[PDB]
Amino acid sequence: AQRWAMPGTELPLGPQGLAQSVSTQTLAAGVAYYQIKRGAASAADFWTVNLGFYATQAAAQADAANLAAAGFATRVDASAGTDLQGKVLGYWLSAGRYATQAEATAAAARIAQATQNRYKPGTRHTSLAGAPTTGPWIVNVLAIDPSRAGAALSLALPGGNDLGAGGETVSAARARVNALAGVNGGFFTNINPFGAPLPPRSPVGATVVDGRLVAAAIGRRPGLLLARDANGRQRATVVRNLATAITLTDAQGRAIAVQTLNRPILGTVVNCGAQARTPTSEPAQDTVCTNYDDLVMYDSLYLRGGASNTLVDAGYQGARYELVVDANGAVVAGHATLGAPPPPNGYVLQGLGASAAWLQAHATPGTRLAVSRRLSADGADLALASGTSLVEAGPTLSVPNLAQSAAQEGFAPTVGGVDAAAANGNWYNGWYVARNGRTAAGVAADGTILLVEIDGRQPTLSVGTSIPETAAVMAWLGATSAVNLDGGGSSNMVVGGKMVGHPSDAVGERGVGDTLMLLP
């Protein structure tokens, strides 16, 4: 295949005819960084008062007419997208047409005062909805040709060994490992049900660092595999349908499935999937499921080995139990409290429900246990070997049937496996159809690795992309395989000491659960 290079044409963002600029910078042999700026804020986009996103046009009438009775005219704005049957996802109830966010914020406060806080509206900018727009956009691209680069792409865990804490920003990770450049990685635990200063953050999905399994597959999801080929060159592959099996056995052969590793909050499974039981075992991004028979393993990568998990789903009722296991596979101790640190090169098992009972039955010190780990991509075994790393995310972008494929991977207008909690149009409108910051990874026909970050949620700077726009950018760039990584406020890119992304959270750059770092 011909050597990958940046196209010279207009990006598939907005109408053809927008202005754009593309910069090129060589960072090292076989490594380049590009920034694309495109478009401009349109006078046809604007700020408005957001009363909410309703599942039907009728469902807003009880509030729209209600607000009209209070003196406020409103506007019903249809979603820019549909479900898999072509039905509109829902309708915003809005009021006003404002040039600035401050005006919309004042208008929202006036509705709150008048309705005695019966309505507490937000604000919304129409450029972020996923309808046709002129932008603007900022797109940041790293390209690494493993046939020419001495640099190596690495999957960096937060602080190296500090899973379960507050994550690590892209900037801090790059400083810690002296990277040439870096981006955020795959999905991670970002729920904060206990109201801590920050959520407790660990990678989720099948996660491998230098052959070591760090977290289990969510189920049915794709990822980016980094391995060494026969020439010793790095090889990136977009893999699909990742699955893991982590099996705990005693010396009599009795077995129990470990659900994952190193995840804070036992019994709670954000993104659902195979680790979840209620309401579904299908993947469902950002949906919070439970497993009240949970079993999670904690090791030296969790809280630097100083402690294991201490949190349990607040809805769980029943027994809890923990086993501490040494490097030889022998039980050291069992007890009904959670949080003991692992022994050197050992681990801690924590269980609820039937898993708690299984662990307590093996609590005698000296009891011999073994853990086996298997990883596969679309049924084919992937060896957990030195030199192999893996990050899971999704959806796969390089497919002809994006909405249907993404739904099968757990990014759907309805929560998979729930009988028609099933409705999911509000989430899907906001995550898939509407524009957000994004990060994505792809591979060109010649093997060049492409890492892409798109700034979002900022109407004067970069509006971000829908999932279909993200897929279009990756195909335009020349990635013949491509997968969406974590987005929204997680998305950022750094080049040397320079932050080239523009994180979208009001509080600034987000600590994330793993990063992709280009090591010199």
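Each residue number is its position in the shown sequence, starting from 1.
- According to the entry, the stretch of the deposited sequence that connects residue 420 to residue 421 contains 1 to 3 residues lacking coordinates, which leaves a short gap in the model.
- Averaged over Cα atoms, the B-factor as recorded in the entry is higher for 378-386 than for the other of 268-276 and 378-386.
- Per-stretch averaging of Cα B factors for 152-160 and 298-306 places 152-160 on top.
- Ranking 105, 244, 252, 364 by Cα temperature factor from the entry places 105 first.
- Of all the options 127, 439, 350, 113, the entry's greatest CA B-factor is assigned to 113.
- Per the PDB record, residue ranking by Cα B-factor puts residue 6 in the middle third of the chain.
- Compared with the other modelled residues of the chain, the Cα B-factor recorded for residue 322 ranks in the lowest third.
- Among all modelled residues in its chain, residue 212 ranks in the middle third by Cα B-factor.
- For residue 137, the recorded CA B-factor ranks within the lowest third of the chain. Only modelled residues enter the ranking.
- Residue 194: CA B factor lies in the highest third for its chain, per the PDB record.
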